[PDB]
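Asker: The structure that follows is given in the form of structure tokens.
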Amino acid sequence: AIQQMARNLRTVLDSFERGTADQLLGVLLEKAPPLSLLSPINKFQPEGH
Amino acid sequence: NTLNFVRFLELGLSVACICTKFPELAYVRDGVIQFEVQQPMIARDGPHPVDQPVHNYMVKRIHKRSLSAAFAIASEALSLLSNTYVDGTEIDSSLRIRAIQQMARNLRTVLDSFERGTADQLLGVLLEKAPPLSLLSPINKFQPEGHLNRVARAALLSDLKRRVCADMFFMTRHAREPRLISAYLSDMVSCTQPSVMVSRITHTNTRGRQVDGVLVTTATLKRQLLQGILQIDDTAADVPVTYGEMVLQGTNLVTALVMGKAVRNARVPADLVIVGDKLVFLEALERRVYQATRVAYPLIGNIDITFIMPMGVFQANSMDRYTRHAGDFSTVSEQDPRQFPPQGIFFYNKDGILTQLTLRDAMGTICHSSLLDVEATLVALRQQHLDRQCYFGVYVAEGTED
Amino acid sequence: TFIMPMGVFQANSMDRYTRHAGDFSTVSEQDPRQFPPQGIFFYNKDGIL
Amino acid sequence: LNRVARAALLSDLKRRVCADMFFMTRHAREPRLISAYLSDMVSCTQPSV
Amino acid sequence: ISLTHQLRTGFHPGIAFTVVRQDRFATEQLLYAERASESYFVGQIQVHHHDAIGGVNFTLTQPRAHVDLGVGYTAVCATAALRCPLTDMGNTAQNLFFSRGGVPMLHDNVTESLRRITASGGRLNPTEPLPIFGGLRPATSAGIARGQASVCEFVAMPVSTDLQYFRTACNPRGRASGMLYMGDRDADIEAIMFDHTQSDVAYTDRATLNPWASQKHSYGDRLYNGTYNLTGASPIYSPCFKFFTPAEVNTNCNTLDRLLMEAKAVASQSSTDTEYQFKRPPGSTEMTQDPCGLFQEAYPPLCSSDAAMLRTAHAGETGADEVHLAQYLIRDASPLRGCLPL
Amino acid sequence: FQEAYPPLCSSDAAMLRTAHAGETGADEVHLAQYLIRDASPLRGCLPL
Amino acid sequence: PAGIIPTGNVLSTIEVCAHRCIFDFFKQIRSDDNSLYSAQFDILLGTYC
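So the sequences go chain by chain: A, B, C, D, E, F and G.
Residue numbers 173 to 221, in the authors' numbering, belong to the letters of the first sequence in order.
Residue numbers 75 to 338, 377 to 514, in the authors' numbering, belong to the letters of the second sequence in order.
Residue numbers 418 to 466, in the authors' numbering, belong to the letters of the third sequence in order.
Residue numbers 222 to 270, in the authors' numbering, belong to the letters of the fourth sequence in order.
Residue numbers 1053 to 1394, in the authors' numbering, belong to the letters of the fifth sequence in order.
Residue numbers 1347 to 1394, in the authors' numbering, belong to the letters of the sixth sequence in order.
Residue numbers 26 to 74, in the authors' numbering, belong to the letters of the seventh sequence in order.
Here it is in structure tokens:
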């Protein structure tokens, strides 16, 4: 029983370090506009307005 | 001629198995081997349920086979070997030496045949085990984890149909492009999961790098892959030579008798290549074994392909009966003999001879009495739900004298 | 998103031209292609018409 | 061999002798094929005592 | 009898057929195996004393056993090259007169004359004395030229058939079927195979192509299905046997893993050393990989309704016109597109 | 093998040659004549 | 039959075949039988985690 509980707790503590990368990928996909729209905006118009 | 003796350890197929001696095999009812495999997780938030880790317990069992070999003795050999200190004259002695010479010469090849046929049994079991690459590789890739719904599974099945229809003879089709052959050999190798790592002495090369598998072909395919596709890593390999014997004794013996249960280098010239990032053996064992013996070689397997052709279908729509040009196939007759419905189908033979299937060939099937076996069909349709319908078109009456 | 018209009849009499004389000829005295179209033919995911 | 293997083999021999008949004056412009089938000719006969 | 008169004279009755033939090919394979793919156990060798015709025969027997100690898949093979085809791509018509069990016709004169007429213009036939308490084996011939003859079974269909169905990988039943479509229950193999209240699964518009060979008790289903067992006494192989019989199913495993188990080297369902491609002989264990049997599909070869369309005047590749006036030319969609020279 | 090879033969001298200043014709049947393409082992030899 | 030393001697040697409605398994061999000399045993070949 104690060996099963320890073996379980190790993977549970692993899961946070494994899910930090998932949350970073989530915010980086919801933070990123497409290349095919960002590239001609930053090229064609000089500043804006 | 003098036969050469093949040793099973020196073959490059020896790396694909762990041979261990076991004297009391004939008393074994079932064999049990156990696995305890756990899996990780990640943690997320939002509208997703929290997960608990999974442990998997898999159990596998042995499959018992055999090897049999015959060895004959003439009757006169028994007669001249049944002396036992009665003779020793100078006329039958030469016949006795001939008899014992045939005895030893025969027994030597009989003892060699087991070492020669163990590789045959590994080829048999590995052919009976391996799934096709065209079906193994899309499932290992196109589904991420599993527990699929209907939809992604159906898309995967359509991908599998296209992959089998396309990638079936890819060695003899794209033989003019060596870049693709080494591109799917690494796809073959980097698709199988490895196995357990516990061992004492392993197969290594001259440098000391641990080998990773064996890749068995036909000799022609070995030549084609060896001439210009793959790169030679070494010419000699380090091969373990001893079996590894275990016996039951003491507490295990008394447990087996009472309760019914029990629990538990050499340098060889063989060529090694590297494919992908892994170092493999490459053996095409056809001259050492299966040479001048009456057994067929495996890896010469057969496939069955089913061909379907419509025979006398007439295109009903007047839109579809079009000609691409005006004067395509003109005839001197006043009526063009191609408007008529077709009655035959022309295909090609094995040698390229043109052959024909005319509707006259169908009398072996449609002109049988089996076209009129409607009785069982009527019995089957009479046992379902029928509604009360009008009987105007199926009823015949009688005259009433008017 | 994919878009396709079905029953469009080319109303202009100049627009109903053929590229060659015997392009898709038939056997009947009246070809069944001057008639207004009623369907559209396209391809499935697997390539089936 | 049985009947069918012999029959398919005889068809193969027929096609092979019809094709591989003047293999030096047909494939004269390809030096790779001649050195390819000379090694087929040499490595086809058995040695002696 | 009237249909015999029509087909012999040159008449075209209002019915159309599809032909199905199975062809075998020799292939060279390529296997890869990992390191610890097998736990391979060696027993103790024993000898059997055994008397023989003149002397003794010593049989040496050594038992052994094997374990696949891989958690996943530890060995993979794939067919690589094409050797010479074993079979003949010919036109040998299937004879249904090898079968016993259906209800005979009333007048035996009609049946005898019908069998006599059918035997004319064909290769394989029952022998003339009609051996009762026998197997109705066709009479053997002289030597053979270009391989084992492959029989072609004929399945009837209505004439107005969408011809574009036969230009891709189709199903001879007219309605795609199989165990491969699951996900909800247990008894949905019968609903896919035979239930015509709902439409087809593959051609997602209609019930079935030919309504004479697709229902539970249609003509094609009463003729070729193995459950009804009509052609049991016939010794010749039926190439469309695997398309009509429902496969026995256990629903414990998921679909994809059982698809992988069905994909291995299955035992053959034909004969190799014999001449007419008979049924499976007992005691014969030869393992042949069988594509397009686990997907329930057949491939159309290069075929045309006229010899004029099949070949062009360019001294090279074959013709390429689709339909000319009422004829047709189905282009090759088989895996043997660039092989089998013409 | 008890066989015989058919060489380049035709029933009409009109169809046996083409008007391109080069190779010979390849049309097999015109109305009732015929042209049999060369299937002998002497395909790239015996100049025309 | 296991070759186990008996823990206690049995008295009152009577006919035991008559009173066989008692007990849960009754086997009566006449003199000797080859079912006694059977030693089929089950074996475990290790676990992997």
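The beta-carbon is built from N, C-alpha and C at its ideal position, and this holds for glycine as well.
Tell whether a beta-carbon distance below 7 Å holds between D463/B and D1342/E.
Answerer: Mapped onto the second sequence, residue 463/B falls at position 351. Mapped onto the fifth sequence, residue 1342/E falls at position 290. It is not a contact, given that the beta carbons lie outside the stated cut-off.
Asker: Just verifying my parser: in three-state terms, what is the DSSP assignment at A257/B?
Answerer: In the second sequence, residue 257/B corresponds to position 183, counting from 1. Helix.
Asker: Measuring only the C-alpha atoms, how far is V1071/E from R1225/E?
Answerer: Taking the first residue of the fifth sequence as 1, we reach residue 1071/E at position 19. Taking the first residue of the fifth sequence as 1, we reach residue 1225/E at position 173. The straight-line gap from Cα to Cα measures roughly 11 Å.
Asker: Three or more C-beta pairs under 8 Å: does that hold for the stretch 1284–1302 of chain E against the stretch 1312–1332 of chain E?
Answerer: Output reads yes: the stretch 1312–1332 of chain E touches the stretch 1284–1302 of chain E.
Asker: Between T266/D and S1386/F, what straight-line distance do the alpha-carbon atoms span, to the nearest angstrom?
Answerer: For the purposes of this step, residue 266/D is taken as residue 45 along the fourth sequence, with counting starting at 1. For the purposes of this step, residue 1386/F is taken as residue 40 along the sixth sequence, with counting starting at 1. Roughly 29 Å separates the two Cα atoms.
Asker: Indicate whether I457/B and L469/B have their beta-carbon atoms separated by less than 7 Å.
Answerer: Sequence index remark: in the second sequence, residue 457/B carries index 345 (1-based). Sequence index remark: in the second sequence, residue 469/B carries index 357 (1-based). Going by C-beta atoms, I457/B is nearer than 7 Å to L469/B.
Asker: Could one say the Cβ of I1288/E lies closer than 7 Å to chain H's Cβ atoms, at least one of them?
Answerer: Any reference to chain H falls outside this structure, whose protein chains are A, B, C, D, E, F and G.
Asker: Could you give the distance in angstroms between the alpha-carbon of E1080/E and the alpha-carbon of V290/B?
Answerer: Taking the fifth sequence and counting its residues from 1, the one referred to as residue 1080/E is at position 28. Taking the second sequence and counting its residues from 1, the one referred to as residue 290/B is at position 216. Taking the straight line from one Cα to the other gives about 11 Å.
Asker: Kindly indicate which three-state DSSP category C239/D falls into: helix, strand or coil?
Answerer: As a first step, residue 239/D must be located in the fourth sequence, where it is residue number 18. Residue state, collapsed to three classes: helix.
Asker: If we define contact as Cβ-Cβ less than 7 Å, is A1365/E a contact residue for chain F?
Answerer: Start at 1 with the first residue of the fifth sequence, and residue 1365/E comes out as number 313. Cβ-Cβ to chain F under 7 Å: yes for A1365/E.
Asker: So within the stretch 465–497 of chain B, which uninterrupted beta strand (DSSP E) runs reach at least 3 residues, ignoring any that extend past its ends?
Answerer: 466–470, all fully within the stretch 465–497 of chain B.
Asker: Based on DSSP bridge pairs, tell me the residues matched to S1091/E.
Answerer: By 1-based counting over the fifth sequence, the position of residue 1091/E is 39. Looking at the DSSP assignment, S1091/E forms a beta bridge with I92/B, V1119/E.
Asker: Can you give me the C-alpha to C-alpha distance between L1392/F and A1221/E, rounded to a whole angstrom?
Answerer: On the sixth sequence, residue 1392/F is found 46 positions in, with the first residue counted as 1. On the fifth sequence, residue 1221/E is found 169 positions in, with the first residue counted as 1. Roughly 46 Å separates the two Cα atoms.
Asker: Output the distance between the C-alpha atoms of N1304/E and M262/D, rounded to the nearest integer angstrom.
Answerer: The residue given as residue 1304/E occupies position 252 in the fifth sequence. The residue given as residue 262/D occupies position 41 in the fourth sequence. So the alpha carbons of these two residues sit roughly 57 Å apart.
Asker: Measuring straight from C-alpha to C-alpha, what distance separates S156/B and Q176/B?
Answerer: For the purposes of this step, residue 156/B is taken as residue 82 along the second sequence, with counting starting at 1. For the purposes of this step, residue 176/B is taken as residue 102 along the second sequence, with counting starting at 1. Answer to the nearest angstrom: the Cα atoms are 16 Å apart.
Asker: Return the CA-CA distance between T1139/E and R224/D, expressed in angstroms with no decimal places.
Answerer: Translated into the one-based positions of the fifth sequence, residue 1139/E becomes position 87. Translated into the one-based positions of the fourth sequence, residue 224/D becomes position 3. Using only the alpha carbons, I get a separation of about 11 Å.
Asker: Could you spell out the range, first to last residue, of the alpha helix (DSSP H) harbouring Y1280/E?
Answerer: Taking the first residue of the fifth sequence as 1, we reach residue 1280/E at position 228. That residue, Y1280/E, is in no alpha helix (DSSP H); it is neither H nor E in DSSP.
Asker: Cβ atoms of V270/B and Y73/G: under 7 Å apart, would you say?
Answerer: The sequence position of residue 73/G within the seventh sequence is 48, counting from 1. The sequence position of residue 270/B within the second sequence is 196, counting from 1. Going by C-beta atoms, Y73/G is nearer than 7 Å to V270/B.
Asker: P381/B lies in the alpha helix (DSSP H); which residues open and close that run?
Answerer: On the second sequence, residue 381/B is found 269 positions in, with the first residue counted as 1. Premise fails: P381/B lies in the beta strand (DSSP E), 378–387, not in any alpha helix (DSSP H).
Asker: Have a look at the DSSP bridge pairing and note the partners of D1075/E.
Answerer: Taking the fifth sequence and counting its residues from 1, the one referred to as residue 1075/E is at position 23. For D1075/E, which the question treats as bridged, DSSP gives the partners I417/B.
Asker: Apply the 10 Å Cβ neighbour rule to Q195/A and answer buried if 16 or more other Cβ atoms are within range, or exposed otherwise.
Answerer: The count along the first sequence starts at 1 and reaches residue 195/A at position 23. Label assigned to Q195/A: exposed.
Asker: On the criterion of 16 or more Cβ atoms from any shown chain inside 10 Å, does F1218/E qualify as buried, or is it exposed?
Answerer: The count along the fifth sequence starts at 1 and reaches residue 1218/E at position 166. Buried: at least 16 other Cβ atoms inside 10 Å.
Asker: Using the beta-carbon of each residue, which ones in chain B are nearer than 9 Å to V425/C?
Answerer: Along the third sequence, one-based indexing puts residue 425/C at 8. Result: empty, since nearest Cβ-Cβ is about 18 Å, beyond 9 Å.
Asker: Counting contacts by CB-CB distance shorter than 7 Å, is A1350/F in contact with chain E?
Answerer: Counting from 1 along the sixth sequence, the entry for residue 1350/F is found at position 4. Answer no: the Cβ-Cβ gap between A1350/F and chain E never drops below 7 Å.
Asker: If you draw a straight line from the C-alpha of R1198/E to the C-alpha of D286/B, how long is it?
Answerer: The sequence position of residue 1198/E within the fifth sequence is 146, counting from 1. The sequence position of residue 286/B within the second sequence is 212, counting from 1. One C-alpha to the other measures close to 45 Å.
Asker: Within this structure, are the beta carbons of residue 339/B and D307/B separated by less than 7 Å?
Answerer: Missing from the coordinates is residue 339/B; the shown part of chain B jumps over it, going from 338 to 377.
Asker: What residue range does the beta strand (DSSP E) around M1209/E cover?
Answerer: Here the question's residue 1209/E lines up with position 157 in the fifth sequence. Per DSSP, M1209/E belongs to the beta strand (DSSP E) from 1200–1209.
Asker: Tell me whether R55/G counts as near the ligand COA, meaning its Cβ is closer than 6 Å to at least one heavy atom of that ligand.
Answerer: Absence of the ligand COA is noted for the structure shown, with no ligands found whatsoever.
Asker: Under DSSP, the alpha helix (DSSP H) around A1360/F begins and ends at which residues?
Answerer: Sequence index remark: in the sixth sequence, residue 1360/F carries index 14 (1-based). Note, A1360/F: premise wrong, no alpha helix (DSSP H); not H, not E.
Asker: Do the stretch 438–450 of chain B and the stretch 228–235 of chain B make contact, defined as three or more Cβ pairs closer than 8 Å?
Answerer: No, because fewer than three Cβ pairs between the stretch 438–450 of chain B and the stretch 228–235 of chain B fall closer than 8 Å, the two stretches do not touch.
Asker: Going by DSSP, which residues form a beta bridge with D440/C?
Answerer: Locating residue 440/C in the third sequence gives position 23, where the first residue counts as 1. Beta-bridge pairing links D440/C to no other residue.
Asker: Residues of the stretch 1354–1388 of chain F with a CB closer than 9 Å to any CB of chain D: list them in chain order, please.
Answerer: Hits within the stretch, in order: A1385, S1386, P1387, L1388.
Asker: In the DSSP assignment, find the alpha helix (DSSP H) that holds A1191/E and state where it starts and stops.
Answerer: For the purposes of this step, residue 1191/E is taken as residue 139 along the fifth sequence, with counting starting at 1. Segment: none, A1191/E is in no alpha helix (DSSP H) and carries neither H nor E.
Asker: Relative to the C-alpha of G318/B, which residue among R247/B, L169/B, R274/B is closest?
Answerer: For this step, residue 318/B is matched to residue 244 along the second sequence. Residue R274/B is the option with its Cα nearest to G318/B.
Asker: So, is the C-beta of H1064/E closer than 7 Å to a C-beta in chain B?
Answerer: Taking the first residue of the fifth sequence as position 1, residue 1064/E is located at position 12. Judged by the 7 Å Cβ criterion, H1064/E is in contact with chain B.
Asker: So, helix, strand or coil for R399/B, using DSSP?
Answerer: Your numbering for residue 399/B matches position 287 in the second sequence. Coil at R399/B, not helix or strand.
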